[PDB]
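In structure tokens, the next block holds one chain alone, the form deposited without the partner chain.
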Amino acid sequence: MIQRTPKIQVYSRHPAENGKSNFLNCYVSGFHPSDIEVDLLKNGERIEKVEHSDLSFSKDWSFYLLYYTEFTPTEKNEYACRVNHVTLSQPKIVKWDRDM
């Protein structure tokens, strides 16, 4: 058996087709087992309108999850990713660094 802690990256992107849109992205990588809970948070509250989630695996071993949604960042709001996994003793919260 193997278990691996997820690596978590939070960042923003503009689709080149559009430019108008800004997307908040949580990239959760290299984890095992695949059981996982992932949420985007605004000011601490769960964002239930998350339009996109892509899951893949490399070898039979490690899993990769891209979780993202459109958003409009202001200075007044905090955005974060929350991840719970069997390898974590407590949910991990990773805050969005505003120029990433």
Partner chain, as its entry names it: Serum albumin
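Numbering follows the first chain given and starts at 1.
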property: Higher-scoring stretch by recorded Cα B factor average, 69-77 or 34-42; result: 69-77
property: 23-31 set against 51-59, stretch whose average Cα temperature factor tops the other in the entry; result: 51-59
property: Highest-ranked of 9, 87, 12, 18 once sorted by CA temperature factor in the record; result: 18
property: Third assignment of residue 4 from its chain's C-alpha B-factors; result: lowest
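Here the subject shifts to the form deposited with the partner chain bound, a form of this protein not shown in this document.
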| property | result |
| --- | --- |
| Those residues of 12-50 which, in the deposited complex, come within 4.5 Å of the partner chain by heavy atom | 13, 14, 20, 21, 23 |
